[PDB]
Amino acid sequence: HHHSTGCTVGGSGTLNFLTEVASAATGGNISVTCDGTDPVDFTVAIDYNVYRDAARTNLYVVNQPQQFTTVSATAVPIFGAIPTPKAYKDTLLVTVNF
């Protein structure tokens, strides 16, 4: 029959890193896994910064969609870094758009 696509969005854990000027980093774990015989595009927008990139040269601009697709899993990599937290905890909103 005609396949109706479903996606698991987890994945299936956060980022942990006064007034010591140095550059700290961390990483977490979010995946998207559809089940089409066809790739599915999806979009991630995140509302001291965070990156899709190992080596952090690709920013999640505030409220700007960032493009993704899949094949029969896909990671939504997140890489943090810090020379707008508060206390220090931040709560970021991650929007996955199909």
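Don't overthink the numbering: it's just position in the shown sequence, from 1.
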Q. Relative to the deposited sequence, how many residues with no modelled coordinates occur between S72 and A73 (none, 1 to 3, 4 to 9, 10 or more)?
A. 1 to 3
Q | Between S12 and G13 - deposited residues without coordinates, as a size class | A | 4 to 9
Q. Mean C-alpha B factor from the entry: is it higher for 50-58 or for 22-30?
A. 22-30
Q: Check where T37 lands among this chain's C-alpha B-factors and tell me if it's the lowest, middle or highest third.
A: highest
